[PDB]
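Numbering-wise, the deposited numbering comes out as the position in the sequence shown, counting from 1, plus 2.
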Amino acid sequence: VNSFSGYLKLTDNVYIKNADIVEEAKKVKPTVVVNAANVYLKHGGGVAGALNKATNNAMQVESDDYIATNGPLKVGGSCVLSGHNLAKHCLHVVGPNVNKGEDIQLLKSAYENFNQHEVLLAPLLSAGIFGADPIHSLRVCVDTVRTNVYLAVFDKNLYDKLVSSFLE
Ligand SMILES: CCNC(=O)c1cc2c(N[C@H](c3ccnc(N)c3)C(C)C)ncnc2[nH]1
């Protein structure tokens, strides 16, 4: 149903909220929820762990079947699979892990995948243990994504930092 509420409008197509992406998916019933994935779709930590646990492991079982038959994703790439109980579809997107020296230019490739979907619920890419500067990740989203993206950032201090920087 895509019923998003409580978001700040940053640009004509980019919105942000201090919220847990799992609770937003349960409330909003989005067509697409984005997962902050890794190349072998191992959903143990970060946003991926939160989304997988909220599907009671159904996302990991489906992801393992996909990897067995198709192999790993590329950094910057993506894959649409079921959204299970959280959304119609899950778009698994791999941003670069700059803590491991992956190419930060591939963060633009990662966000470019969102342009195939009219509206998405998403986390900020390459944050957490991937180590990209979060203000830079929001700027790449704003400059690359043309479709409607609703960003859920589940940390008040990071949300306030992002909003303050954007409004400068
Ligand atoms: C209680 C169950 N829910 C959660 O644990 C949870 C976590 C969470 C989240 N985390 C962000 C993140 C972590 C890793 N990689 C990223 N690309 C981003 C950080 C930057 C705040 N962002 C959005 N919603 C979220 N929900």
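Where is the CB? At the ideal position from N, CA and C, for every residue including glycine.
* To do: Mind checking which residues open and close the beta strand (DSSP E) that includes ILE18?
  => 16 to 19
* With 16 as the cutoff for other CB atoms within 10 Å, does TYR42 come out buried or exposed? -> exposed
* **Where the alpha helix (DSSP H) through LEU75 begins and ends** => Where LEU75 is concerned, there is no enclosing alpha helix (DSSP H), given that its DSSP letter is neither H nor E.
* **Residues near residue 249 by beta carbon distance below 7 angstroms, same chain, minus five either side** => Missing from the structure shown is residue 249; the chain here goes from 3 to 170 and no further.
* Asked: What is the DSSP secondary structure of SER84, reduced to helix, strand or coil?
  -> strand
* Kindly give me the distance between the Cβ atoms of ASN58 and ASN150, rounded to whole angstroms, as I take these residues to be in contact under 8 angstroms. => Rounded, the Cβ-Cβ distance is 29 angstroms, inconsistent with contact.
* Please classify residue 1: is it buried, with 16 or more other beta-carbons within 10 angstroms of its beta-carbon, or exposed? => Here the chain comprises residues numbered 3 to 170, so residue 1 is not present and cannot be evaluated.
* Taking the alpha helix (DSSP H) that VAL165 falls in, what are its first and last residues? -> 158 to 168
* To do: Hey, could you find the ends of the alpha helix (DSSP H) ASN54 is sitting in?
  => 48 to 56
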